[PDB]
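These values consider heavy atoms only, across backbone and side chains, with no hydrogens, waters or symmetry-generated copies. Here, residue 1 is the first one in the sequence, and each next residue gets the next number.
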Amino acid sequence: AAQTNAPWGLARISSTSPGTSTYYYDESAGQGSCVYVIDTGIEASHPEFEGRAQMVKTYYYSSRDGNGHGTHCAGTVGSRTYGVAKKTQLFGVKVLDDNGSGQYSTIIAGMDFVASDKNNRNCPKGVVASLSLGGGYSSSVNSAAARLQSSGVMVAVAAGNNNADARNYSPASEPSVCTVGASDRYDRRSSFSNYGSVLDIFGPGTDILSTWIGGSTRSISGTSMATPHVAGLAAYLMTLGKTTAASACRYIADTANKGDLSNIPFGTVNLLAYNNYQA
Ligand SMILES: [Ca+2]
């Protein structure tokens, strides 16, 4: 399948070269997979989700996304026009308030929830968790992400946005999950993207158009915009039988475009996520 006048980042992950504008993907597009966006909530009523999203857990007085951040991230995973895995199921887990902040014990409660809740859903091709959130290093939060991945959910996390070695942030630094830095549309590391050997992969994270609240759209930036591109790609590749939750980070990094990016510090991977699609 081909989606013309795609957002650049979609086009970028189905190409070996920058600068095109079409998104090439297999029509399965994540059917039978499930992605949990752990964030500020999702606006499931948004036309772009077409009945495929719902909110399953909050830790605040409301399940609603009053911020926008989680609706944007969910749109990059799953929306009809803006998403990578257009047919996946999209679950919302509100661990962040409507200004975007949480306490680490609630973020920890949220990961534990998905490890349990996946068994109450119908995800025959598998389960991904996307966490466009980070703080300073906390062993407790690293261990929760490790448990979530161990349970059989493919965990993808934002490297962080401080232009620093991600070893000092969590859960970016946990080795067993899939740590995601961000690139721009000319194949440079984004200016804010954390780096270092704990990174696994880069994805598009500068000027990312996606769904916003109030039934709208907006183009925003961050490693949190790069992370759901990778999460959606994992959902896609599990529907195709190409990998499993345990080893989708390894398959993505192995099948990536290698050596395209500029502005990569020695010691960091130079790998940009690719979907391996040949029509
Ligand atoms: Ca890894």
Looking at residues at least two apart in the chain, or sitting in another chain, which of them share a side-chain contact (heavy atoms from CB on, under 4.5 Å) with [X]?
X    : answer
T16  : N257, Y274
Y277 : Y24, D26, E27, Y236, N275, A279
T20  : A11, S15
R250 : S247

For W8, give me all partners under ring-ring contact (aromatic ring centres under 6.0 Å, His included), at least two apart in sequence or on another chain.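 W8 satisfies ring-ring contact (aromatic ring centres under 6.0 Å, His included) with no other residue.
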
We want to know whether [X] and [Y] form a side-chain donor-acceptor pair, criterion being a heavy-atom distance below 3.5 angstrom.
X    : Y    : value
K118 : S151 : yes
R189 : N163 : yes
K125 : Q31  : no
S193 : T223 : no
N276 : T255 : no

Is there a path of hydrophobic side-chain contacts, each under 4.5 Å between heavy atoms, that joins [X] and [Y]?
X    : Y    : answer
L199 : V230 : yes
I201 : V35  : yes
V180 : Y82  : no
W212 : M225 : yes

May I have all residue pairs that pass side chain to side chain donor-acceptor pair (under 3.5 Å) and include part of residues 131-142, sequence neighbours excluded?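 Matches after skipping sequence neighbours: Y137-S139, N142-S170, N142-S173.
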
My understanding is that only residues two or more places apart in sequence, or in another chain, count here; which of them pass side chain to side chain donor-acceptor pair (under 3.5 Å) with [X]?
X    : value
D200 : none
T81  : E48
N270 : none

Give a yes or no on whether the backbone of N194 and the side-chain of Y169 come within a donor-acceptor separation of less than 3.5 Å.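 No.
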
Heavy-atom donor-acceptor pair, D65 side chain to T71 backbone, under 3.5 Å: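 Yes, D65 side chain to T71 backbone: donor-acceptor pair under 3.5 Å.
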
Check the pair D112 / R147 against salt bridge (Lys or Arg N to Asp or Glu O under 4.0 Å), numbers first and verdict last. CA-CA 8 Å; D112 296 341; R147 299 194 281 278; 3.0 Å; yes

For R185, all residues meeting salt bridge (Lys or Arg N to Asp or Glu O under 4.0 Å), sequence neighbours excluded: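 Partners of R185 by the salt bridge (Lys or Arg N to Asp or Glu O under 4.0 Å) criterion come out as none, since no residue qualifies.
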
Partner residues of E174 under the salt bridge (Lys or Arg N to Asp or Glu O under 4.0 Å) criterion, sequence neighbours left out: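 Scan of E174 (salt bridge (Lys or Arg N to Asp or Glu O under 4.0 Å), adjacent residues dropped) gives none.
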
Passes salt bridge (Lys or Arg N to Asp or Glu O under 4.0 Å), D98 versus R64? Steps please. CA-CA 9 Å; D98 288 326; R64 287 192 295 289; over 6 Å; no

Salt bridge (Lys or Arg N to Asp or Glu O under 4.0 Å) evaluation trace for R12 with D260: CA-CA 12 Å; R12 187 67 187 88; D260 279 345; 3.3 Å; yes

ILVMFWY cluster membership beyond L131 - transitive side-chain contacts under 4.5 angstrom: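 Cluster partners of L131: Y36, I38, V56, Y59, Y60, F91, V93, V95, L96, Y104, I107, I108, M111, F113, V114, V127, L133, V141, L148, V153, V155, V157, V177.
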
